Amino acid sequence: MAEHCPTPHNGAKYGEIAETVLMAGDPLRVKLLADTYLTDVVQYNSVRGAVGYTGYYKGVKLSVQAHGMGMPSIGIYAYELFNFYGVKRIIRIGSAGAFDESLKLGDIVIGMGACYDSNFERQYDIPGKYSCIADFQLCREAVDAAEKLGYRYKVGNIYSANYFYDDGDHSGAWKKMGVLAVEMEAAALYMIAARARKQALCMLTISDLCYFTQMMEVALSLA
């Protein structure tokens, strides 16, 4: 297992990356979160510009990494982290636009399951429709933590799309189906976690209504 490190996308040696990785798309947010919350910060990756740091938050060892944009981008990083680097738990953190009209800006969405456009599923030769879900233990602790620090949260279904810019109007059906917010990464993360028998959770803060450090604290309490 350690034999396949480093990877073509990650310059770190085995053991260099903690058992709990927090991930965001932005390397600037990853670089910030590390500087803001972690002592003894050590950079393990810079390959592909995708920074990764290991450090300490309230005693527990913890790593952060950027994942770039889209299911195939996160797909690569997650696969390596789980299958090559002995990662047990990934929590993704990022921004989202809301489909649920009752959501206010700055609300925390917890991705219990993820709808998606086609990405990885065809690689698994699955003879039906596969539902992407987060790890329940992780999901539960985020809800507990969210309700402890008194933050407005919503827990349920999200949609990992392939587009940022819709050509037509497609948000209709998802909205009717009760999908909460749109992003572009979660479903691949869930699929990869499932296949690895590992823990994964996606958490989102609402940045655009389609009708920020507060989220980080919830995430951090999960390490």
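Each residue number is its position in the shown sequence, starting from 1.
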Gap size, residue 212 back to residue 211 (deposited sequence, no coordinates): 10 or more
When the C-alpha temperature factors are averaged for each of 40-48 and 155-163, which stretch ends up with the higher value in the entry? 40-48
Per the PDB entry, mean CA B-factor is higher for 194-202 or 31-39, namely for 31-39
Per the PDB entry, maximal CA B factor within 148, 129, 89, 92: 148
Where the record places residue 173 (Cα B-factor, split into thirds across the chain): lowest
Taking the values exactly as deposited, rank residue 62 by C-alpha B-factor within its chain and report the matching third: lowest, middle or highest. highest
